[PDB]
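Each chain gets a letter, A, B and so on, in the order the sequences are listed, and its residues count up from 1. The analysis underlying the following values was restricted to heavy atoms, covering all of them including side chains, and did not include hydrogens, waters or symmetry mates.
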6 protein chains.
Amino acid sequence: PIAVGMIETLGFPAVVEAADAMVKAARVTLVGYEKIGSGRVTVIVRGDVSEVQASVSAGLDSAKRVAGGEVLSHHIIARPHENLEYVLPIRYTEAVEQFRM
Amino acid sequence: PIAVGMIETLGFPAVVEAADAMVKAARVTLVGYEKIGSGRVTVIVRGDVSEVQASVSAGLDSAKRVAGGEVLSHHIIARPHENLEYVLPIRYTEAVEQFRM
Amino acid sequence: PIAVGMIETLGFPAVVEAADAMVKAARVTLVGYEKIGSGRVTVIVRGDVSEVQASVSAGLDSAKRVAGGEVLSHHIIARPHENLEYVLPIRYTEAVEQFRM
Amino acid sequence: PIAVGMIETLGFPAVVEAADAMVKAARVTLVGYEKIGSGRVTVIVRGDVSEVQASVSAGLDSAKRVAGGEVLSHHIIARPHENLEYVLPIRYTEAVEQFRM
Amino acid sequence: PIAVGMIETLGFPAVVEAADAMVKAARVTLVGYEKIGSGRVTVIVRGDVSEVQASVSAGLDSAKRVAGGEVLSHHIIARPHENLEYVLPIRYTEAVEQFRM
Amino acid sequence: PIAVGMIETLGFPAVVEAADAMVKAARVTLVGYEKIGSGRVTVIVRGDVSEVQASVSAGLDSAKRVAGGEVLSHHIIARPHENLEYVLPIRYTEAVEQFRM
């Protein structure tokens with residue numbers, strides 16, 4: 001029952017700061033980086049919901065301070081249906097298994 | 001004769017919530033995630049039409065409450081022509097066979 | 001010398017409905033789904049010119065009734081040059097031969 | 001050294017009409033279809049310069065009559081440097097060799 | 001080290017003209033064509049800085065004369081750091097070695 | 001623990017100049033070039049934080065002087081979490097190892 005947190009920014013430098021602040025703020029794993037066009041990019045973290053809450057809060061705080069930085073949207077899902085794991089890029093991957101809690 | 005339900009959002013975090021709420025609300029299978037540019041992303045579910053109708057209703061309800069969320073369009077097709085299955089990314093895939101009802 | 005009909009929408013769910021209405025309304029084969037960016041997507045049907053004309057008219061009517069539905073452009077070519085078949089994605093493919101008429 | 005003709009449209013159905021009108025109007029070969037984002041797509045023809053001029057002129061006339069159709073730009077180069085052949089998608093390919101004049 | 005020249009236009013027909021004009025005007029090699037979205041495309045030349053200077057001036061002049069033509073930006077770097085050669089698409093490639101000077 | 005510097009421009013020629021000025025201004029390695037659409041492109045450097053500061057400052061100064069040049073955003077992270085290395089295109093690669101300090 002692993003939670004998922006997401007921060008979407010306009011521009012790449014701000015999404016890197018969001019990711020960095022998120023994994024430094026709490027026990028979460030950065031598993032994803034998704035581009036959907038219009039300069040909209042999202043970073044996705046997984047972990048226990050309380051950790052994810054703290055991560056996202058810290059990521060939002062730091063991302064908005066980036067020069068030219070813009071946060072567009074953000075969301076947490078405490079208990080994502082496991083169907084999502086097999087369709088959307090929110091899942092752990094072999095390349096980040098070392099960073100799982 | 002399996003129905004198809006679709007919710008299109010502006011932004012990725014909102015489309016994840018759309019998918020989550022859809023598959024939790026009724027007996028439907030999330031089979032697809034489609035990017036067409038300009039931040040427009042769609043999630044696609046299959047199931048009996050009445051299930052799909054309930055899922056789409058719940059998905060719209062929750063996606064709109066996502067911070068920075070916006071729903072652009074949505075649609076249900078009760079009985080899609082099977083020609084659509086071989087051209088459009090709405091078909092069941094091997095990766096989600098385990099979630100079929 | 002088989003005709004080709006095309007409906008371009010802004011948004012994915014309406015293009016799926018466009019495709020559905022087309023192949024249900026008359027004797028045409030859905031052969032293509034083309035993304036050119038910025039939310040612009042086209043579905044492409046082949047068949048006798050009179051069928052194609054019936055399909056497109058229906059597809060336009062149906063797509064516009066989609067919540068958030070929008071049509072950008074549409075066109076029919078009765079006798080497309082065969083040179084187009086080898087450059088533009090309007091040709092029959094193996095995966096839809098079973099739907100040829 | 002063979003002339004190159006190009007018509008860029010907003011929307012896909014229009015660019016298909018452009019191509020069709022071009023290869024029907026004179027002795028040219030459709031060799032390329034190029035997407036650069038923003039809904040801008042270009043079709044590219046090769047042939048003798050006076051043929052290319054007649055093809056482009058006809059393509060411009062037909063494409064603009066497409067419902068929802070817009071021509072964005074167009075150009076003819078009578079004698080393109082052969083360096084362009086190896087970098088830009090304007091060259092003949094194996095798939096259209098049967099349509100060389 | 002070898003200079004690099006760049007012209008970015010809105011629209012594909014205009015970069016083709018920019019490329020053609022550049023390689024005809026001086027001793028430079030066309031090595032690259034780069035799409036970054038929103039219809040922005042750049043053609044890249046390499047050569048002695050004085051040559052590149054002449055190529056770019058000619059490309060700018062000719063590109064702006066293209067029907068629907070628009071130049072968005074352009075730049076010359078006389079002596080690019082070799083690090084750029086291994087990251088950005090400005091380097092000579094096998095396909096254009098025959099055109100080096 | 002190696003710092004990361006990022007400059008995002010609107011347009012490609014300007015991002016090339018940014019990279020060039022960056023690696024020439026201090027001891028940093030250009031490791032990445034990232035496109036996220038809508039003409040937004042970012043160049044990424046690694047090095048000691050004081051070096052990255054000097055490079056980014058110099059890249060910003062030079063990029064804004066490019067004809068049609070436009071900087072959208074920029075950021076420095078002195079001590080990026082190692083998790084980001086396996087998700088975001090900010091890491092060293094084989095192709096640039098010879099330029100590591």
Side-chain angles (χ1 to χ4, degrees), chain D residues 1-8 31-32 34 36 40 42-50 52-53 56 72-91, chain E residues 2-36 39-78 89-90 92-93 95-96 98-101, chain F residues 11-14 16-17 66-69:
Chain D
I2 302 115
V4 55
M6 300 172 289
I7 298 178
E8 183 181 47
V31 300
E34 178 72 4
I36 62 172
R40 311 178 68 107
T42 301
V43 281
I44 304 113
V45 295
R46 304 296 298 275
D48 177 276
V49 58
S50 67
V52 169
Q53 177 70 71
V56 169
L72 298 172
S73 71
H74 65 86
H75 195 62
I76 302 167
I77 303 171
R79 299 185 176 160
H81 205 280
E82 70 162 339
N83 195 158
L84 276 64
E85 306 271 5
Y86 293 102
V87 178
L88 293 159
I90 58 155
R91 67 180 182 91
Chain E
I2 302 152
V4 53
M6 298 171 292
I7 293 176
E8 183 185 41
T9 74
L10 183 63
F12 181 76
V15 291
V16 180
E17 176 55 39
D20 184 67
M22 286 165 105
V23 296
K24 278 174 180 168
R27 295 175 63 79
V28 306
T29 303
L30 176 69
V31 300
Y33 158 61
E34 180 70 5
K35 325 188 231 180
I36 64 169
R40 306 182 71 107
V41 284
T42 304
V43 288
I44 302 112
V45 296
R46 306 294 297 275
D48 183 79
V49 58
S50 53
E51 301 301 288
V52 174
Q53 215 164 350
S55 286
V56 171
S57 297
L60 287 167
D61 185 64
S62 195
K64 290 169 200 182
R65 296 173 184 161
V66 171
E70 194 181 336
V71 181
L72 299 176
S73 68
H74 62 85
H75 191 62
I76 302 175
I77 307 169
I90 62 157
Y92 290 92
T93 55
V96 300
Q98 73 162 125
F99 299 107
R100 171 192 299 265
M101 284 147 286
Chain F
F12 180 78
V16 179
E17 175 52 44
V66 170

Side chains of E/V52 and E/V45 in contact at under 4.5 Å (non-hydrogen atoms):
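SC-SC contact between E/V52 and E/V45 confirmed.
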Euclidean distance, [Y] [atom2] relative to [X] [atom1], rounded to 0.5 Å:
{"X": "D/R91", "Y": "D/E82", "atom1": "CZ", "atom2": "CD", "result": "13.0 Å"}
{"X": "E/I76", "Y": "E/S55", "atom1": "CD1", "atom2": "OG", "result": "8.5 Å"}
{"X": "E/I44", "Y": "E/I7", "atom1": "CD1", "atom2": "CD1", "result": "11.0 Å"}
{"X": "D/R40", "Y": "E/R40", "atom1": "CZ", "atom2": "CZ", "result": "11.5 Å"}
{"X": "D/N83", "Y": "E/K24", "atom1": "CG", "atom2": "NZ", "result": "11.5 Å"}
{"X": "E/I77", "Y": "E/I2", "atom1": "CD1", "atom2": "CD1", "result": "14.0 Å"}

Derivation and outcome, side-chain hydrogen bond (donor to acceptor under 3.5 Å, both in side chains), residues E/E34 and E/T42:
CA-CA 5 Å; E/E34 180 70 5; E/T42 304; over 6 Å; no
Could you pull out the closest heavy-atom pair between [X] and [Y], with the gap in Å?
{"X": "E/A18", "Y": "E/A63", "result": "CB-CB, 4.2 Å"}
{"X": "E/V56", "Y": "E/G5", "result": "CG2-CA, 4.1 Å"}
{"X": "E/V31", "Y": "E/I90", "result": "CG2-O, 3.4 Å"}
{"X": "E/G47", "Y": "E/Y92", "result": "N-OH, 4.1 Å"}
{"X": "D/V49", "Y": "D/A78", "result": "CG2-CB, 3.8 Å"}
{"X": "E/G59", "Y": "E/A21", "result": "CA-CB, 3.9 Å"}

Indicate yes or no for a side-chain donor-acceptor contact from [X] to the backbone of [Y] under 3.5 Å, with no hydrogens or angles considered.
{"X": "E/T9", "Y": "E/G11", "result": "yes"}
{"X": "E/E8", "Y": "F/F12", "result": "yes"}
{"X": "E/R46", "Y": "E/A3", "result": "yes"}

Pair E/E51 + E/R27, salt bridge at N-O below 4.0 Å:
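Looking at E/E51 and E/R27, the cut-off is not met.
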Taking the inter-plane angle between the rings of E/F99 and D/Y86 on a 0 to 90° scale, is it parallel (under 30°), tilted (30 to 60°) or perpendicular (over 60°)?
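Answer is tilted, since the angle falls between 30° and 60°.
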D/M6 and E/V16: side-chain contact (heavy atoms from CB on, under 4.5 Å), yes or no, with the steps?
CA-CA 9 Å; D/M6 300 172 289; E/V16 180; 3.6 Å; yes
By side chain to side chain donor-acceptor pair (under 3.5 Å) - contacts of E/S62 (at least two apart):
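Side chain to side chain donor-acceptor pair (under 3.5 Å) list for E/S62, sorted by chain: E/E17.
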